[PDB]
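Asker: Below is one structure. I have some questions about it.
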Amino acid sequence: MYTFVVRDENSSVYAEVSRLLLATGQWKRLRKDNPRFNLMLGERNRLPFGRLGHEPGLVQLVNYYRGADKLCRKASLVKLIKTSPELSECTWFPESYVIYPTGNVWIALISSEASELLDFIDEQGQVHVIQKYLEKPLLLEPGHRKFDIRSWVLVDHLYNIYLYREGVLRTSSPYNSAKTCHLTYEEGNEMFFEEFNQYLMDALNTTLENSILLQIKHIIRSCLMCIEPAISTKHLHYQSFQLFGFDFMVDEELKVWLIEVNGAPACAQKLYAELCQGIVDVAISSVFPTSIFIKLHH
Amino acid sequence: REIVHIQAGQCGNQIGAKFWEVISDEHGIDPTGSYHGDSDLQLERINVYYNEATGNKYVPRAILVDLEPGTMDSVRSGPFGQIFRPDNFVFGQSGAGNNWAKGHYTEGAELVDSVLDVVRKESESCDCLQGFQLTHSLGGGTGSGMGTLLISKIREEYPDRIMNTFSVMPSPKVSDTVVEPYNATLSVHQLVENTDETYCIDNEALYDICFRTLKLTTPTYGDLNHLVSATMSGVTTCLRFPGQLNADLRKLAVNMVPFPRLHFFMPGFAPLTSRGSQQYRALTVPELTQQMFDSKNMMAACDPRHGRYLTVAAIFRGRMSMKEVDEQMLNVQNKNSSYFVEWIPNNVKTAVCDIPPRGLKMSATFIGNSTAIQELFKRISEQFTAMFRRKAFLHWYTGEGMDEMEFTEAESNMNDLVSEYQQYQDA
Amino acid sequence: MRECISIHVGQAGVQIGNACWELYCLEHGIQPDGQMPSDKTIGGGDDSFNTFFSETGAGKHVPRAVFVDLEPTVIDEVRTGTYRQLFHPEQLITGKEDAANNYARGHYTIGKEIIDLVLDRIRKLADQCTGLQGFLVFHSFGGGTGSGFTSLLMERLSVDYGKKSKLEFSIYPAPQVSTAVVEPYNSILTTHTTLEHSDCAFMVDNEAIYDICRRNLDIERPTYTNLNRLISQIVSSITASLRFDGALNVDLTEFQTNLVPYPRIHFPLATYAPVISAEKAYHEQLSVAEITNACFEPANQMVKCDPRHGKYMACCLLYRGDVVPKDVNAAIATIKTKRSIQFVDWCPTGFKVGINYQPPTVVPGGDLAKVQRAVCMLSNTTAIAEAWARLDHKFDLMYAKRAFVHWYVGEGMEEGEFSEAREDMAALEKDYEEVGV
Amino acid sequence: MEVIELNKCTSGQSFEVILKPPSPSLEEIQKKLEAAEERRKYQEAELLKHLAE
Ligand SMILES: Nc1nc2c(ncn2[C@@H]2O[C@H](COP(=O)(O)OP(=O)(O)OP(=O)(O)O)[C@@H](O)[C@H]2O)c(=O)[nH]1
Ligand SMILES: Nc1ncnc2c1ncn2[C@@H]1O[C@H](COP(=O)(O)OP(=O)(O)CP(=O)(O)O)[C@@H](O)[C@H]1O
Ligand SMILES: Nc1nc2c(ncn2[C@@H]2O[C@H](COP(=O)(O)OP(=O)(O)O)[C@@H](O)[C@H]2O)c(=O)[nH]1
Ligand SMILES: COc1ccc2c(c1)NC(=O)CN2c1nc(Cl)nc2ccsc12
Ligand SMILES: [Ca+2]
Ligand SMILES: [Mg+2]
Ligand SMILES: [Mg+2]
């Protein structure tokens, strides 16, 4: 009858995961500050990795990968994608420049005039990064509209990368080369992979698999394999998994571009119970005892 | 590192005498004081409780005290009645009449320096005197009153040694006199101020344990003291036998008491055995673990789940996989992690000894400093006011020269003790 | 040639010092009566082993050791043991009553009364050494004498031998084998006081050594006797450079300038491999790239931490056995690629290497197998602070309630030394963090 | 990768590899020791005072 604590009350996702765990009749919750836990649904920043995996006769698991921040911080992602040789100087990341406060359209916040950019960041005081705006993106008809793709990606304790096969798009109900209808028909301003694949078929003569998801899988696989040695917990004294949200942009002729990696993602409402289930089957009980995932083999 | 043992009054001296029979058999010392022993684990630390004697005899470092002669007479007529140093039967003739004031203030005073002088003789011929371990009951007059007086005097002469007592809480289920809650509260007031550690051996619990668990219909003091020596032999295990711990009273005091007043322990024993009948399957380490922490194996009338464990000592006697004990003891804490305070980390330390007690191939003693013990003092302190708010039976004491105000301090101090035990049950 | 004095304090120190001296005597061929047939310089010599041994006119090789314990229990087993003749009687010192797991008891109460005796016993060894380098101090954080007396002694050496180096082998407390509930108290008080008086201190977290014993030695419930024999194995390669002819780490002061660039951050991380069992028959012999690689697996370190999430400041590699610099370099080059080896910029990203050909020595009938080649990596990585975090937390949970403080104040200590000592620790954790991000 | 300082010996060798370059006196002691023994002799003498009452 495994035990678990809860230390991130704002987590949209693990809310469900903590819920379900109790209702299995075999998981119990202790208070925040009890050390005797098998599972840590941890806080977002300063999650105390240095203190885990130390309680004798207690296998401990946490829902964060130490060092994942390399892939999920705007300034820090470009560092990874440009320095580490596995991510070459790569054909699916928008050109980025990091900058410290102390056709040529760009975004941080967007304009073709450079100095609009520099004045913008230095008048804030923190470090941002600027990146070519996708001038010719794929406008979903009818509407000549902009959208983005977020696939959620779950990484288990033994670094199996599982792609959630439910995706979602955020749409932008009239793109023009003039914060209006450029930064993200379908209820919720959200379209789901079945409908988009359907539209993909009738408008373009293609499908979601061949035209988008191939390269999304080539990205989601390429990024998590790069940082795999820095964050692996294969021989560690505690163990980690982490649900991720990769944010993708598909340009005019079906080119998938990775944009953000959100390491504390919230899931679309439609899929919550489904997604939060596979989390428990895949990343929780696979330690403490068809599939809705695509194992991305490496 | 010699301990010095004192037993006071009828109760002190009956259970006291059992402890010396029980540990003498474990250490292989017969009623003549000779060692016919198998292993030398029996002899490595025999000097803690026994003075080595001429012709290589072993004598208990034990002083017998009482105000009525006669209990010690029976002792001097029991099997291990001759093992005791004859001089160490310090006693008077008046009796103390189940009255705290008589034994503490008037009767006890007449004869107290005489016990102190014996104590002194024993302190010389100590290499490193640890401290004193006293047995006594809290609801009479000689053990409760003369005992608490004697404790107070030893702390004055030996201010820097450990003071350890085995006190028998009074319960109406095995009772002598309606005045018992007066003596217990007056004694608990002393016990708070001048002992480092006292094992609350509750007669209510001993009673119920016999009645229900041991399924005994009419339990005697004979049957209560069997449980008492089994517990007492269990708790002394690490002081008497060699092992990884090499435990001593001052260490036990340090690790067991987070706060000086909260130094009253709930002892446990498992398996609960009934005098005479042995049952022939020895427990399995998982069996001892559950029973020892179960309220039904507690020698105090508090169920531990109404409080939290400040700290815990566990001692397993027998031949068993310490790997398995390590696991089973880990399991109990992790399975019930809420009932141990978080703010004293890893507060359940375990010890293990090859030598088991007599009869049992596998036994487990339990020592817990739980916030539940306030339950016991709540019980005593209600029985108390039931009478005091009517000043019932106070003449028996007021006559001996005591004041109403003295009772109000004792009651007031004791109720503060329950308040303090409550504070850490919420932290 | 320059002599060193080892000092073993409390049960932990004494029992690990026994563990070492036994292994030293096997390594140097000195039998338990102190006769060393190989020594032709009978009664003297400026030889390498004379760093740890002095010779008698009778040709005895005598440890430059001193064992102190506030109870006569442990040093008595030394006094009657297989190596009794090794140590002259004045080297072994016992009290009558230990510090009862109380830093304040061993430091202030019982410590003011034996401190003068010990320092004269120590002064004796110095008067027989032609140039004293410094002291190798063995103790445990959790003990009362382990912690209280050591830090009273560390202060006095800094006064009576100020111009000498003071190295430390400390047993960081962990609860499988812990015997006391206040060890986090004893730990912070003793660290706060010693920090200024020690030049380099190697922490052996007992939790680590225990799992190494269970897993790689197939030892169900490892004993102290299991732990210490593994520890001195680590302790031997770490000090082998002083006892043996060599070119890297030839005196105590070089330890300070190889491993410790800033003074307060002087806790190098030891990682040793291969710990192969004596029972296991038909064992594949591990290559220089295999064992050197193992130095970077967390499950071979003495403190469980993740150097990937830290910065390096220094790194030595001490091989022992059949090892040639060629193989060392190939292994390093390829290990550089496959691992997360991050130094601080103000430090070079290099590896100081030593090779001693005398292959590892193992006690006959011990648990460690005999191996052809061994390595011990000593790395000052900022990730060792994980240990100071965990320790400091346990300290905060209890102290917040003041649990057990009365046992300390009653010895004369004031609640203030607790917060003042924790303040230091909080400062130390911040140094580690500023240097590591 | 550059080697340096390589020394040799019948016992073994040593060397260094670089992957890349950079970018209370005895009186004050006895005093605080005494302050602690006084605080004990007080607390004790105060214990003996309350006993005498
Ligand atoms: N590795 C190892 N650790 C030990 C050994 N002996 C004791 N320890 C550790 O030391 C801690 C307690 O400190 P001790 O050294 O035993 O106590 P002490 O130094 O004798 O000081 P006192 O409190 O007076 O007894 C325990 O938590 C043990 O983990 C040993 O032989 N080997
Ligand atoms: N290089 C680029 N070209 C075109 N559009 C871009 C772009 N980079 C970002 N965008 C668009 O502009 C938006 C800017 O938002 P940004 O990427 O900063 O938010 P985010 O993804 O961090 C929000 P969340 O954390 O909720 O997912 C993106 O969501 C995307 O729609
Ligand atoms: N468990 C146990 N309790 C006893 C025994 N004898 C007396 N008591 C308890 O002690 C109380 C009587 O006090 P007692 O010790 O006889 O008076 P004293 O002669 O002045 O010490 C009663 O309430 C009993 O419950 C005994 O042999 N065993
Ligand atoms: C709660 O944590 C604890 C508790 C109790 C002790 C310690 C730590 N450590 C010690 O050295 C002495 N002591 C003990 N003494 C005796 Cl007689 N029996 C036992 C049995 C188990 S522990 C113990
Ligand atoms: Ca010589
Ligand atoms: Mg009676
Ligand atoms: Mg000791």
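Letters A, B, ... mark the chains of the structure tokens in the order given; residue numbers begin at 1 per chain; ligand numbers begin at 1, in order shown.
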Per residue of chain A within 7 Å of chain B, what are the shortest atom pair and its distance in Å to one decimal, counting only C-alpha atoms, with rows by chain and residue number, as CSV?
Answerer:
```
residue,atom,partner,partner_atom,distance
A:34,CA,B:342,CA,6.2
A:36,CA,B:334,CA,5.9
A:57,CA,B:330,CA,6.4
```
Asker: Throw together the list of residues within 8 Å of ligand 6, counting only C-alpha atoms and all ligand atoms, and drop it here as a PyMOL selection string.
Answerer: chain B and resi 10-11+98+140+176
Asker: Could you tell me how far atom CA of residue 3 of chain B sits from atom CA of residue 43 of chain B, in Å to one decimal place?
Answerer: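 Calculated distance between atom CA of residue 43 of chain B and atom CA of residue 3 of chain B is 15.7 Å.
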Asker: With DSSP run on the backbone, what are the alpha helix (DSSP H) residues within segment 213-398 of chain B? I'd like them as a PyMOL selection string.
Answerer: chain B and resi 221-235+237-240+249-256+285-293+322-335+374-388+395-398
Asker: Emit the selected residues as a JSON list (two decimals), in the first residue's frame, including C-alpha atoms.
Answerer:
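To be explicit, this is the file written out as again31.json:
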```json
[["chain", "number", "residue", "atom", "x", "y", "z"],
["B", 221, "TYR", "CA", -0.60, -10.33, 41.87],
["B", 222, "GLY", "CA", 1.26, -13.49, 40.99],
["B", 223, "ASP", "CA", 0.09, -13.18, 37.41],
["B", 224, "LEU", "CA", 0.59, -9.45, 37.16],
["B", 225, "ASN", "CA", 4.22, -9.84, 38.26],
["B", 226, "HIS", "CA", 4.96, -12.54, 35.66],
["B", 227, "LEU", "CA", 4.26, -9.95, 32.95],
["B", 228, "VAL", "CA", 6.26, -7.45, 35.03],
["B", 229, "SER", "CA", 9.45, -9.52, 35.17],
["B", 230, "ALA", "CA", 9.07, -10.43, 31.48],
["B", 231, "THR", "CA", 8.91, -6.72, 30.64],
["B", 232, "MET", "CA", 11.64, -5.87, 33.14],
["B", 233, "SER", "CA", 13.96, -8.52, 31.75],
["B", 234, "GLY", "CA", 13.22, -7.25, 28.24],
["B", 235, "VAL", "CA", 13.94, -3.59, 28.95],
["B", 237, "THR", "CA", 18.44, -6.66, 27.93],
["B", 238, "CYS", "CA", 20.91, -4.19, 26.42],
["B", 239, "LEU", "CA", 22.30, -3.19, 29.79],
["B", 240, "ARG", "CA", 23.09, -6.78, 30.83],
["B", 249, "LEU", "CA", 21.60, 4.26, 31.30],
["B", 250, "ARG", "CA", 22.94, 7.74, 30.38],
["B", 251, "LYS", "CA", 22.75, 6.98, 26.66],
["B", 252, "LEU", "CA", 19.23, 5.57, 27.06],
["B", 253, "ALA", "CA", 18.20, 8.78, 28.83],
["B", 254, "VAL", "CA", 19.75, 10.99, 26.12],
["B", 255, "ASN", "CA", 18.21, 9.32, 23.08],
["B", 256, "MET", "CA", 14.77, 8.62, 24.68],
["B", 285, "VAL", "CA", 9.78, -12.05, 13.31],
["B", 286, "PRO", "CA", 6.83, -10.51, 11.48],
["B", 287, "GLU", "CA", 4.68, -11.82, 14.35],
["B", 288, "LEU", "CA", 6.72, -10.22, 17.14],
["B", 289, "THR", "CA", 6.82, -6.93, 15.28],
["B", 290, "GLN", "CA", 3.05, -6.52, 15.07],
["B", 291, "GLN", "CA", 2.32, -7.74, 18.59],
["B", 292, "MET", "CA", 4.97, -5.58, 20.25],
["B", 293, "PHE", "CA", 3.57, -2.40, 18.75],
["B", 322, "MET", "CA", 18.69, -9.31, 11.62],
["B", 323, "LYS", "CA", 18.13, -8.62, 7.94],
["B", 324, "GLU", "CA", 14.56, -9.73, 8.56],
["B", 325, "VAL", "CA", 14.23, -7.63, 11.71],
["B", 326, "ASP", "CA", 15.69, -4.64, 9.86],
["B", 327, "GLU", "CA", 13.04, -5.11, 7.22],
["B", 328, "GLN", "CA", 10.13, -5.77, 9.58],
["B", 329, "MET", "CA", 11.00, -2.83, 11.83],
["B", 330, "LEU", "CA", 11.42, -0.60, 8.78],
["B", 331, "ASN", "CA", 8.09, -1.86, 7.51],
["B", 332, "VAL", "CA", 6.14, -0.88, 10.65],
["B", 333, "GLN", "CA", 7.41, 2.72, 10.58],
["B", 334, "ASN", "CA", 6.85, 3.23, 6.84],
["B", 335, "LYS", "CA", 3.45, 1.54, 6.91],
["B", 374, "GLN", "CA", -1.01, 11.43, 29.04],
["B", 375, "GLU", "CA", -4.06, 9.17, 28.89],
["B", 376, "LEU", "CA", -2.78, 7.41, 32.01],
["B", 377, "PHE", "CA", -2.14, 10.58, 33.97],
["B", 378, "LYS", "CA", -5.51, 11.91, 32.84],
["B", 379, "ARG", "CA", -7.06, 8.82, 34.40],
["B", 380, "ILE", "CA", -5.19, 9.18, 37.66],
["B", 381, "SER", "CA", -5.89, 12.93, 37.88],
["B", 382, "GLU", "CA", -9.67, 12.47, 37.43],
["B", 383, "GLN", "CA", -9.97, 9.76, 40.07],
["B", 384, "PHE", "CA", -8.02, 12.33, 42.15],
["B", 385, "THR", "CA", -10.31, 15.33, 42.02],
["B", 386, "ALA", "CA", -13.35, 13.08, 42.39],
["B", 387, "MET", "CA", -12.27, 12.98, 46.05],
["B", 388, "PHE", "CA", -10.24, 16.17, 46.47],
["B", 395, "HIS", "CA", -7.61, 13.75, 57.34],
["B", 396, "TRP", "CA", -5.41, 10.70, 56.91],
["B", 397, "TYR", "CA", -2.79, 13.11, 55.50],
["B", 398, "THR", "CA", -3.58, 16.46, 57.12]]
```
Asker: Kindly determine which residues of chain A lie within 12 Å of chain C, considering only C-alpha atoms, and give the answer as a VMD selection string.
Answerer: chain A and resid 33 to 35 48 to 57 65 to 70 84 to 86 226 to 238
Asker: Keeping N, CA and C atoms, export the residues of the selection given above as a JSON list (two decimals), in the first residue's frame.
Answerer:
```
[["chain", "number", "residue", "atom", "x", "y", "z"],
["A", 33, "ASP", "N", 5.60, 17.10, 4.56],
["A", 33, "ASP", "CA", 6.91, 17.06, 5.18],
["A", 33, "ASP", "C", 7.27, 15.69, 5.75],
["A", 34, "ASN", "N", 6.48, 14.68, 5.49],
["A", 34, "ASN", "CA", 6.87, 13.34, 5.86],
["A", 34, "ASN", "C", 7.94, 12.86, 4.89],
["A", 35, "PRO", "N", 9.03, 12.27, 5.38],
["A", 35, "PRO", "CA", 10.04, 11.73, 4.46],
["A", 35, "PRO", "C", 9.68, 10.37, 3.90],
["A", 48, "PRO", "N", 13.60, 19.36, -4.10],
["A", 48, "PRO", "CA", 14.85, 18.96, -3.40],
["A", 48, "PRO", "C", 15.35, 17.57, -3.80],
["A", 49, "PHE", "N", 16.04, 17.51, -4.95],
["A", 49, "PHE", "CA", 16.54, 16.23, -5.43],
["A", 49, "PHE", "C", 17.65, 15.70, -4.53],
["A", 50, "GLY", "N", 18.38, 16.59, -3.87],
["A", 50, "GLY", "CA", 19.49, 16.15, -3.06],
["A", 50, "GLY", "C", 19.10, 15.31, -1.86],
["A", 51, "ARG", "N", 17.81, 15.25, -1.54],
["A", 51, "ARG", "CA", 17.34, 14.59, -0.33],
["A", 51, "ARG", "C", 16.53, 13.33, -0.61],
["A", 52, "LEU", "N", 16.30, 12.99, -1.88],
["A", 52, "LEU", "CA", 15.50, 11.83, -2.27],
["A", 52, "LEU", "C", 16.33, 10.55, -2.25],
["A", 53, "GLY", "N", 15.63, 9.43, -2.41],
["A", 53, "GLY", "CA", 16.32, 8.16, -2.51],
["A", 53, "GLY", "C", 17.27, 7.89, -1.37],
["A", 54, "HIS", "N", 16.96, 8.39, -0.18],
["A", 54, "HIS", "CA", 17.83, 8.17, 0.97],
["A", 54, "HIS", "C", 17.15, 7.48, 2.13],
["A", 55, "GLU", "N", 15.87, 7.15, 2.03],
["A", 55, "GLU", "CA", 15.17, 6.55, 3.14],
["A", 55, "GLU", "C", 15.28, 5.03, 3.05],
["A", 56, "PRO", "N", 15.89, 4.38, 4.04],
["A", 56, "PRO", "CA", 16.14, 2.93, 3.95],
["A", 56, "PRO", "C", 14.86, 2.11, 3.90],
["A", 57, "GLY", "N", 14.90, 1.05, 3.09],
["A", 57, "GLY", "CA", 13.69, 0.27, 2.85],
["A", 57, "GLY", "C", 12.55, 1.06, 2.27],
["A", 65, "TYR", "N", 12.57, 15.31, -13.73],
["A", 65, "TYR", "CA", 13.89, 14.91, -14.18],
["A", 65, "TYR", "C", 14.85, 16.05, -13.85],
["A", 66, "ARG", "N", 15.76, 15.81, -12.90],
["A", 66, "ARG", "CA", 16.73, 16.85, -12.53],
["A", 66, "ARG", "C", 17.54, 17.31, -13.75],
["A", 67, "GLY", "N", 17.59, 18.62, -13.99],
["A", 67, "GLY", "CA", 18.27, 19.14, -15.16],
["A", 67, "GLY", "C", 17.42, 19.25, -16.41],
["A", 68, "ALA", "N", 16.16, 18.83, -16.37],
["A", 68, "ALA", "CA", 15.30, 18.99, -17.53],
["A", 68, "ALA", "C", 15.22, 20.45, -17.95],
["A", 69, "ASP", "N", 15.39, 21.37, -17.00],
["A", 69, "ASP", "CA", 15.34, 22.80, -17.27],
["A", 69, "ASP", "C", 16.22, 23.19, -18.44],
["A", 70, "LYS", "N", 17.23, 22.37, -18.76],
["A", 70, "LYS", "CA", 18.03, 22.62, -19.95],
["A", 70, "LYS", "C", 17.15, 22.70, -21.19],
["A", 84, "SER", "N", 25.79, 21.36, -27.85],
["A", 84, "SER", "CA", 25.96, 19.92, -27.87],
["A", 84, "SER", "C", 25.95, 19.40, -29.31],
["A", 85, "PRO", "N", 26.95, 18.61, -29.71],
["A", 85, "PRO", "CA", 27.08, 18.23, -31.13],
["A", 85, "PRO", "C", 25.90, 17.47, -31.70],
["A", 86, "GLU", "N", 25.16, 16.72, -30.88],
["A", 86, "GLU", "CA", 24.05, 15.92, -31.40],
["A", 86, "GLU", "C", 22.98, 16.80, -32.03],
["A", 226, "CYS", "N", 19.45, 13.81, -26.51],
["A", 226, "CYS", "CA", 20.62, 14.66, -26.30],
["A", 226, "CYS", "C", 20.93, 14.81, -24.82],
["A", 227, "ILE", "N", 19.94, 15.24, -24.03],
["A", 227, "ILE", "CA", 20.14, 15.46, -22.61],
["A", 227, "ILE", "C", 20.03, 14.18, -21.79],
["A", 228, "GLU", "N", 19.85, 13.02, -22.44],
["A", 228, "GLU", "CA", 19.72, 11.76, -21.72],
["A", 228, "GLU", "C", 20.86, 11.45, -20.75],
["A", 229, "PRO", "N", 22.14, 11.72, -21.06],
["A", 229, "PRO", "CA", 23.19, 11.42, -20.09],
["A", 229, "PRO", "C", 23.21, 12.43, -18.94],
["A", 230, "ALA", "N", 22.86, 13.70, -19.20],
["A", 230, "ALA", "CA", 22.90, 14.67, -18.11],
["A", 230, "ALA", "C", 21.76, 14.47, -17.11],
["A", 231, "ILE", "N", 20.63, 13.90, -17.53],
["A", 231, "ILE", "CA", 19.50, 13.76, -16.62],
["A", 231, "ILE", "C", 19.08, 12.32, -16.40],
["A", 232, "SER", "N", 19.81, 11.33, -16.93],
["A", 232, "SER", "CA", 19.32, 9.97, -16.75],
["A", 232, "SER", "C", 19.36, 9.59, -15.27],
["A", 233, "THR", "N", 18.41, 8.75, -14.87],
["A", 233, "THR", "CA", 18.43, 8.19, -13.52],
["A", 233, "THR", "C", 18.49, 6.66, -13.59],
["A", 234, "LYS", "N", 19.41, 6.15, -14.41],
["A", 234, "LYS", "CA", 19.52, 4.71, -14.61],
["A", 234, "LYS", "C", 20.30, 4.04, -13.47],
["A", 235, "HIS", "N", 21.33, 4.69, -12.97],
["A", 235, "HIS", "CA", 22.11, 4.16, -11.86],
["A", 235, "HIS", "C", 22.04, 5.03, -10.60],
["A", 236, "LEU", "N", 21.01, 5.88, -10.50],
["A", 236, "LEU", "CA", 20.83, 6.81, -9.40],
["A", 236, "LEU", "C", 20.21, 6.10, -8.19],
["A", 237, "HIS", "N", 20.31, 6.76, -7.03],
["A", 237, "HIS", "CA", 19.72, 6.30, -5.78],
["A", 237, "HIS", "C", 18.27, 6.74, -5.60],
["A", 238, "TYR", "N", 17.77, 7.61, -6.45],
["A", 238, "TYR", "CA", 16.35, 7.86, -6.58],
["A", 238, "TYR", "C", 16.02, 7.83, -8.07]]
```
Asker: Tell me the residues of chain D close to chain B, meaning within 8 Å using only C-alpha atoms, as a count of residues only.
Answerer: 3
Asker: Report, in Å with one decimal, the straight-line distance from atom CA of residue 213 of chain C to atom CA of residue 198 of chain C.
Answerer: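 Those two atoms sit 29.1 Å apart.
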Asker: Among segment 31-107 of chain B, which residues does DSSP mark as strand (DSSP E) when it is run on the backbone? Keep the chain and numbering as in the structure and answer as a PyMOL selection string.
Answerer: chain B and resi 50-53+57-60+62-66+89-91
Asker: Just the selected residues (N, CA and C atoms), exported as a PDB file, in the first residue's frame, please.
Answerer:
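Writing the result to again_6.pdb gives the following:
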```pdb
ATOM      1  N   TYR B  50      25.514  -7.193  39.275  1.00  0.00           N
ATOM      2  CA  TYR B  50      25.994  -8.117  40.303  1.00  0.00           C
ATOM      3  C   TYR B  50      27.374  -7.702  40.791  1.00  0.00           C
ATOM      4  N   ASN B  51      27.546  -7.691  42.112  1.00  0.00           N
ATOM      5  CA  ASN B  51      28.854  -7.509  42.725  1.00  0.00           C
ATOM      6  C   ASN B  51      29.564  -8.855  42.775  1.00  0.00           C
ATOM      7  N   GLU B  52      30.777  -8.901  42.219  1.00  0.00           N
ATOM      8  CA  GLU B  52      31.572 -10.125  42.247  1.00  0.00           C
ATOM      9  C   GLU B  52      32.069 -10.396  43.660  1.00  0.00           C
ATOM     10  N   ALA B  53      31.969 -11.653  44.077  1.00  0.00           N
ATOM     11  CA  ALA B  53      32.132 -12.022  45.473  1.00  0.00           C
ATOM     12  C   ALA B  53      33.221 -13.070  45.652  1.00  0.00           C
ATOM     13  N   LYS B  57      31.696 -15.901  43.868  1.00  0.00           N
ATOM     14  CA  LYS B  57      30.246 -15.791  43.974  1.00  0.00           C
ATOM     15  C   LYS B  57      29.814 -14.431  43.443  1.00  0.00           C
ATOM     16  N   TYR B  58      28.574 -14.354  42.973  1.00  0.00           N
ATOM     17  CA  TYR B  58      27.998 -13.108  42.479  1.00  0.00           C
ATOM     18  C   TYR B  58      26.829 -12.702  43.362  1.00  0.00           C
ATOM     19  N   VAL B  59      26.857 -11.468  43.853  1.00  0.00           N
ATOM     20  CA  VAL B  59      25.804 -10.936  44.713  1.00  0.00           C
ATOM     21  C   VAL B  59      25.143  -9.763  44.016  1.00  0.00           C
ATOM     22  N   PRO B  60      23.811  -9.694  43.990  1.00  0.00           N
ATOM     23  CA  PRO B  60      23.128  -8.540  43.402  1.00  0.00           C
ATOM     24  C   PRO B  60      23.426  -7.246  44.144  1.00  0.00           C
ATOM     25  N   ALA B  62      21.788  -4.897  45.222  1.00  0.00           N
ATOM     26  CA  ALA B  62      20.380  -4.668  45.516  1.00  0.00           C
ATOM     27  C   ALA B  62      20.159  -4.409  47.009  1.00  0.00           C
ATOM     28  N   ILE B  63      19.451  -3.328  47.297  1.00  0.00           N
ATOM     29  CA  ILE B  63      19.137  -2.880  48.640  1.00  0.00           C
ATOM     30  C   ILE B  63      17.646  -3.031  48.830  1.00  0.00           C
ATOM     31  N   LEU B  64      17.259  -3.806  49.828  1.00  0.00           N
ATOM     32  CA  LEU B  64      15.857  -4.057  50.124  1.00  0.00           C
ATOM     33  C   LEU B  64      15.404  -3.099  51.222  1.00  0.00           C
ATOM     34  N   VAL B  65      14.353  -2.328  50.934  1.00  0.00           N
ATOM     35  CA  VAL B  65      13.848  -1.300  51.831  1.00  0.00           C
ATOM     36  C   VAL B  65      12.371  -1.541  52.082  1.00  0.00           C
ATOM     37  N   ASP B  66      11.941  -1.308  53.325  1.00  0.00           N
ATOM     38  CA  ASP B  66      10.529  -1.409  53.690  1.00  0.00           C
ATOM     39  C   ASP B  66      10.293  -0.959  55.148  1.00  0.00           C
ATOM     40  N   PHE B  89      19.171  -5.682  53.801  1.00  0.00           N
ATOM     41  CA  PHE B  89      17.761  -5.711  54.157  1.00  0.00           C
ATOM     42  C   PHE B  89      17.549  -4.622  55.207  1.00  0.00           C
ATOM     43  N   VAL B  90      17.575  -3.370  54.755  1.00  0.00           N
ATOM     44  CA  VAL B  90      17.355  -2.227  55.641  1.00  0.00           C
ATOM     45  C   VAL B  90      15.853  -1.994  55.815  1.00  0.00           C
ATOM     46  N   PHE B  91      15.385  -2.005  57.061  1.00  0.00           N
ATOM     47  CA  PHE B  91      13.947  -1.930  57.290  1.00  0.00           C
ATOM     48  C   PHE B  91      13.649  -1.497  58.716  1.00  0.00           C
TER      49      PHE B  91
END
```
Asker: Output as a list in words the set of chain C residues within 6 Å of chain B, with distances taken over only C-alpha atoms.
Answerer: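 Every residue of chain C that passes the 6 Å test is in residues 100, 181, 221, 397, 398, 403 and 404 of chain C.
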Asker: Keeping only N, CA and C atoms, write the selected residues to a file as a compact mmCIF listing (two decimals), in the first residue's frame.
Answerer:
```
# COMPACT_ATOMS: atom_id res chain seq x y z
N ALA C 100 28.24 9.83 26.01
CA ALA C 100 26.81 9.52 25.84
C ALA C 100 26.17 10.20 24.61
N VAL C 181 20.23 9.29 18.18
CA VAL C 181 19.22 10.12 17.53
C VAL C 181 19.69 11.55 17.30
N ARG C 221 23.68 -8.30 5.70
CA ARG C 221 23.69 -7.20 6.66
C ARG C 221 25.13 -6.86 6.99
N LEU C 397 14.76 20.12 11.56
CA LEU C 397 13.53 19.53 12.09
C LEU C 397 13.56 19.44 13.61
N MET C 398 14.66 18.89 14.17
CA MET C 398 14.74 18.71 15.62
C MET C 398 14.92 20.03 16.32
N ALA C 403 14.13 19.88 20.33
CA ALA C 403 14.18 18.54 20.90
C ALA C 403 15.60 18.18 21.29
N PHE C 404 15.78 17.69 22.52
CA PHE C 404 17.04 17.23 23.11
C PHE C 404 18.03 18.34 23.45
```
